[PDB]
Participant: 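The structure under discussion is supplied below as structure tokens; questions concerning it will follow.
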Amino acid sequence: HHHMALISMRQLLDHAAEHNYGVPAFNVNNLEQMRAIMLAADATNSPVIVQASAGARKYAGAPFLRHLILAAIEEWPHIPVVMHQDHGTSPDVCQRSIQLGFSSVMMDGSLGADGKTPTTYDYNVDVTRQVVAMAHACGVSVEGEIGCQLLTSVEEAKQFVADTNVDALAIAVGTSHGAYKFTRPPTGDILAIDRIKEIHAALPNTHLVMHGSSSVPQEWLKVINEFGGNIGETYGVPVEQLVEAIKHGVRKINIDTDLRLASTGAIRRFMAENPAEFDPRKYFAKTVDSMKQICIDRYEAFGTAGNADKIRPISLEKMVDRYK
Amino acid sequence: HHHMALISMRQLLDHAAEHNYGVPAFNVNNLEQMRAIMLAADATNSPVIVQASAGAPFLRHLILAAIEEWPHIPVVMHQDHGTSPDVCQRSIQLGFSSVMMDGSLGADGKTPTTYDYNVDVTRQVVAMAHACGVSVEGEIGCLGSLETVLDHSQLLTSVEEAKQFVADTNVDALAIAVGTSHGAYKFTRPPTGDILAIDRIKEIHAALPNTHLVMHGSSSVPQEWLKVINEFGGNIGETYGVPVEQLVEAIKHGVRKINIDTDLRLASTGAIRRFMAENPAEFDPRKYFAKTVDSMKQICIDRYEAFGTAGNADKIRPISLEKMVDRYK
Amino acid sequence: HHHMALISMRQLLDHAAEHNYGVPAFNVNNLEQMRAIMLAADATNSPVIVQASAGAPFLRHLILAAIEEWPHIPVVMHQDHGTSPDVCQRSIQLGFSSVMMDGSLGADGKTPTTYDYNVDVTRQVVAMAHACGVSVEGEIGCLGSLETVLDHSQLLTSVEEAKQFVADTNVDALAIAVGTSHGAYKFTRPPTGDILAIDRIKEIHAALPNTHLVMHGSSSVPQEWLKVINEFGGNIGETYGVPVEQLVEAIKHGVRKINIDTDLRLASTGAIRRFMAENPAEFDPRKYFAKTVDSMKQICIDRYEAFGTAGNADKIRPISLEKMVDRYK
Amino acid sequence: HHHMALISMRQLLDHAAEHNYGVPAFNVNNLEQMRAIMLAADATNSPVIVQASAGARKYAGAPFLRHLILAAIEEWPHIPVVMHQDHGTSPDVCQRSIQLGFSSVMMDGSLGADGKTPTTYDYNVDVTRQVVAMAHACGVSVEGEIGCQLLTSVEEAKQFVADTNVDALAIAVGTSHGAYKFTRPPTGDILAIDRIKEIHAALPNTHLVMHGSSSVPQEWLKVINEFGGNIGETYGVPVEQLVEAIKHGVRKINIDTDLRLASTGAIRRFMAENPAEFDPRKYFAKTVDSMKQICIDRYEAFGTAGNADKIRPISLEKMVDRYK
Ligand code: NA
Ligand code: NA
């Protein structure tokens, strides 16, 4: 076989279930971020999810994010790669992602087209169905979201998957985007691992997704603080708890703030340790190194490692036969 | 396995001569740098030279993306500092529309060369490139400071050997040595005629009044960017670059390609340094990488305008490299 | 995994309206056919519509090659006769800049449909395509002969339902039924108004004076090519096509896209037949395939000129499909 | 591995030697010819050489012949494909082939830049060396030719390979281009199989190439004659003799006239059997069928069959290390 095409998310998460592991999802915004992800996936022989933020299209240009993924597939033809559109705010957005060539899209139907306003359950199912139709015609995978309110209930997860049958459901269990996830180390009362168990036990065949799952490594917070940065006491989701969640049906884990912290830490340390250097390539290399280590830490702790060459890709063309 | 719609360097510099302007040559480095060039060329309607020093898939794909997003901007993809014919031939296979066979330095890339060696390797590359329509930039005379270990005679190109080198090779563009060098530490004081021989450009131009001249080491090293760097945690001693006014003079005397990279490194390093101190709570790299794009883009715009590049992108009807073959036979 | 620089159909037909011309739509079939279209469009400086009926890599690659060899010719890649929304959506993913959701026929592609069904499938495709900037051609009324088993009422589009169909769907272009059909056997005699309702075009145009009309089955079936075929071994009975003069009239009444393929099949089949008999010792296929290119190219040139397409290629500044999205929201 | 790139000729002919088979080389001029070759290579699981004639660039457009090969590689990713430039008349020609992306070129140094005039031995070595230099820098393979005069001698083959070390040498043993190869069935006195043995025994490590090796199948000559064609008594090289030549070091066998005859025969028969059809696709399909059978007949009789999936491709980039 060959990995000159992307694989669907659905295939990759089916593999996660069959072999009891999870896949961390990393955001790509530019060249150095794409290289760190791929170099880590090569080091651990893991399949890859790379996502584009809602604003990644605007920041980088749509041709560039298409062409970064193409370059990655050329340079590491042995790594299966899912290209996933994160946090689509309307069906029309996800359709442009499909036209651009993504193999997986998220229609965040919990929030309105404005991207902030929580929505009626009916609205959620409507735009999520809407996107499901145009994506499954192509073989493209769909992640939807129910819940914003802040805690997902079991019965509505069961009904929402029945009404839309997305390939993956993102659930709310007390995490959020950014570095200020918790004022204290998160305990069972602020990170509801028990609701995951309940939702998994009710839908033992649906792939669950966790947003805002950066651990926020403390040593990087300290490194930033020493070299001119100032980040107050905040905490993320410990890797230990995310490992338990994978044992209970979590297959996709969105991590973004950790890579931002590793990058900002590396530049701050380097720019102070060598104040005469001005070649960006010199500290860009020390962001690839530090981001790559975070991705390696996750691929291994999440069981993603060792699975890249166990996957026989199925084209998005043949994935149409899985839905119709 | 993808095809780029590049224009040849020869076409672009012929246009620069016909319309009395010069083209700054920027390095492709990553997405942020690539966007700055193209955005600046878009805002100024300038044709583009982008260079790659001799992963490989990423540089090809950054350029392909660039051409898609701005299909109306002509783009030369030039291979800088080629150390041997075989290197240049691989660049031709990769799809470059322009190569530099730097014959002033050997295959090791450091040892200065005999005139005979220079002509031999340069002829080799001209032969295989002009078979393709690809342009060839050569160099007689060695880059390096005139204050500071090569002979003075080696670091300064002589009129007679430029005339002989161009006759023996017919490169599309010639790189000359008049006291510039790589990096930010080009000059200890504002360069005057005894350490930056603008008159030697003039002399060479009058001897070869139809050959395109190239200037390496031509970052201005803007003092304002040195200040921003020093103020926000940087430590860069007193140094000086090539003033814009002199590059403008050089264009009136046949300089059509002006290689610029240190200025983009300084603009980026300053922009990140200022932002990281001005907003120490931000850690989204995109937040300050955005400023490298803006500050690099401004440097490019300033050069496109000061060099007369602006306003020429849509005066150029591209000629395919296949059609450029007929210009040589 | 390759990107084509296509223009949208909506842009192209807006230009046809603004400058009172029509565009013949040819099928991509193979290299020889693809070259004929592009060469004819090159000689006449016309924009191009090329269609693919709903291997797949080869059609994509013939078009990519075409764009490379003639980057100055705007090209619409249109998916003809789509039988369901899901088909059209896959075409959008493949990179078409225009799709036809033929709602007059069902998913089986043969059974005529309810008005309600037609609007539903057509709205579905308009919604997902205009999210992309992709154009949508629809059809109300069924193709078919008026001499020869559908009702007369079904084979002829009525003014009132065209007005209602365009209001309910806002397609970029509408295919109407006025008595044309596929193939060479369109008419038993030279078509007059009772078997080819040119006046119904006029009527529909005056009711929808800003919507682009499409004519299927519009090969002229040139009698001279019928003769060449019959003389050199062929057996084609007495039949007739759509005369060029009437298509010219139809363009004055809102017909902007004219689908032509049978004429290219006849031109090729005649050219090979004449050559194989005129030179029975030749067996190099290229020797007579060369004549299919010439004769197909002449048909295309004749249409580009007779339809006013000629001379417009460089009046068109392409708009990316990304930028076409803003025209719909 | 993956076959999204072309492989070098040198690698493919090294495989022919290691496993004692030969590879027929077919000319591509348009879409239907490319499909017949690839469909036959798929049917027999054989690696492929496709060549472009000196005039194929002019006939088809350089972007189209690049894009036909790209399409073939997409549609049959399991078939290794050499893209070879046949009969280059000057170094400058072969260089444009390298820039277009060919993985193998022929510098026919036996004839001048005019393409008809026989040349001095010195001229031959000069342009052949010239092309060898620019091609081996890239990993691209080179076929050269010594002899036009009409019979290749052993000593000059040995010296010519020493002076140039092409990857393959095309030798003259009494064949020629076109259908009029022999007035009578070729015997040992007009098809010098013995000189092949002698040349092979002198250079038991060089890949030998045979031009003008169409067999000219008689039934296709008859089919043409019945349906309006008129081809006098002429004959080709029997497959039986070409099989012996492969046992003695022939690895590349150029076949072109046979595919022309199969195509012209199929159209002539179809256009007479159905004089009312005018859709070219209808008789184009009956040229794919008939050409495909000829290619299958050769892949199997030449031992090419069964080798496509035994080949682990080496990039043209890594092929540079084989020369420098
Ligand atoms: Na330089
Ligand atoms: Na039609």
Side-chain angles (χ1 to χ4, degrees), chain A residues 31 61-64 66-71 73-75, chain B residues 3-12 23 25-31 33-35 37-38 41-42 47-58 61-80 88-99 129 132-135 313 316 318-322 324-325, chain C residues 3-6 61 63-72 318 320, chain D residues 5 61-67 69-70 96 98-102 138:
Chain A
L31 179 160
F64 286 84
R66 217 187 78 253
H67 277 281
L68 286 169
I69 270 77
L70 299 165
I73 294 162
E74 294 182 9
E75 180 154 2
Chain B
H3 162 97
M4 356 202 183
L6 305 156
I7 58 155
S8 73
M9 174 91 87
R10 178 52 172 264
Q11 173 177 9
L12 174 57
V23 184
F26 306 118
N27 281 307
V28 178
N29 155 35
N30 66 356
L31 180 157
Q33 178 142 334
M34 180 56 108
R35 290 199 73 69
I37 295 161
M38 293 306 297
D42 196 357
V48 158
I49 293 164
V50 288
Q51 307 187 130
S53 344
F58 282 90
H61 277 281
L62 287 172
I63 301 175
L64 295 166
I67 297 161
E68 296 178 11
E69 179 152 4
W70 301 271
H72 65 279
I73 295 294
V75 170
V76 176
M77 185 183 64
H78 172 81
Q79 174 225 65
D80 194 15
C88 293
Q89 167 67 4
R90 289 189 285 269
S91 283
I92 284 162
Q93 178 193 62
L94 272 137
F96 284 82
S97 52
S98 176
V99 295
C132 305
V134 175
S135 310
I316 296 179
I319 302 157
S320 66
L321 293 167
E322 185 190 306
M324 282 304 286
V325 175
Chain C
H3 162 97
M4 356 202 183
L6 305 156
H61 277 281
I63 301 175
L64 295 166
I67 297 161
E68 296 178 11
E69 179 152 4
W70 301 271
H72 65 279
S320 66
Chain D
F64 286 84
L65 56 93
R66 217 187 78 253
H67 277 281
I69 270 77
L70 299 165
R96 293 187 286 268
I98 287 164
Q99 179 193 225
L100 197 52
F102 284 79
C138 304

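Each chain gets a letter, A, B and so on, in the order the sequences are listed, and its residues count up from 1. FYI, side chains are in, hydrogens and waters are out, and symmetry mates aren't considered; it's all heavy atoms of this structure.
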Participant: Tell me the closest heavy-atom pair linking B:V134 and B:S98, and the distance in Å.
Facilitator: CG1-N, 3.5 Å
Participant: Over all heavy atoms of both residues, which pair between B:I7 and B:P318 is shortest? Give the atoms and the distance, please.
Facilitator: CG2-CB, 3.4 Å
Participant: Just so I know, are the side chains of B:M38 and B:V48 near enough to count as touching, which here means a heavy-atom distance under 4.5 Å?
Facilitator: yes
Participant: Yes or no on side-chain contact (heavy atoms from CB on, under 4.5 Å) for B:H72 and B:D42, after CA distance, side-chain angles and deciding distance?
Facilitator: CA-CA 9 Å; B:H72 65 279; B:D42 196 357; 3.2 Å; yes
Participant: Just how far is it from atom CG of B:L31 to atom CZ of B:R35, taken to the nearest 0.5 Å?
Facilitator: 6.5 Å
Participant: Salt-bridge test for D:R96 and B:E322: reply yes if a basic N is under 4.0 Å from a carboxylate O, no otherwise.
Facilitator: no
Participant: If I compare all heavy atoms of B:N27 with all of B:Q33, which pair ends up nearest, and what's the gap?
Facilitator: O-NE2, 2.6 Å
Participant: How close do A:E75 and B:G55 get, heavy atom to heavy atom, and via which atoms?
Facilitator: OE1-CA, 3.7 Å
Participant: Taking the side chain as every heavy atom from C-beta outward, state whether B:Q51 and B:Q79 have any atom pair closer than 4.5 Å.
Facilitator: no
Participant: The criterion is ring-ring contact (aromatic ring centres under 6.0 Å, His included); which residues satisfy it with B:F26, sequence neighbours excluded?
Facilitator: B:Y304
Participant: Output, in order, the C-alpha distance, side-chain angles, deciding distance and verdict of side-chain contact (heavy atoms from CB on, under 4.5 Å) for B:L62 and A:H67.
Facilitator: CA-CA 7 Å; B:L62 287 172; A:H67 277 281; over 6 Å; no
Participant: Less than 4.5 Å apart, any side-chain heavy atom of B:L12 and any of B:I316?
Facilitator: yes
Participant: How close do B:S8 and B:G133 get, heavy atom to heavy atom, and via which atoms?
Facilitator: CB-O, 3.8 Å
Participant: To the closest 0.5 Å, what do you measure between CD1 (B:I63) and CG (B:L6)?
Facilitator: 7.0 Å
Participant: Would you sort out whether B:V50 and B:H78 count as a side-chain contact (heavy atoms from CB on, under 4.5 Å), showing the intermediate values?
Facilitator: CA-CA 6 Å; B:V50 288; B:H78 172 81; over 6 Å; no
Participant: Carefully, step by step, assess B:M77 and B:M4 under the rule side-chain contact (heavy atoms from CB on, under 4.5 Å).
Facilitator: CA-CA 9 Å; B:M77 185 183 64; B:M4 356 202 183; 3.8 Å; yes
Participant: Please give me the minimum heavy-atom distance between B:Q11 and B:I319, naming the atom from each residue.
Facilitator: OE1-N, 3.0 Å
Participant: Please work out which of the three classes, parallel, tilted or perpendicular, describes the rings of C:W70 and D:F64, given edges at 30° and 60°.
Facilitator: perpendicular
Participant: Supply the atom-to-atom distance B:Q93 CD to B:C88 SG, rounded to the nearest 0.5 angstrom.
Facilitator: 13.5 Å
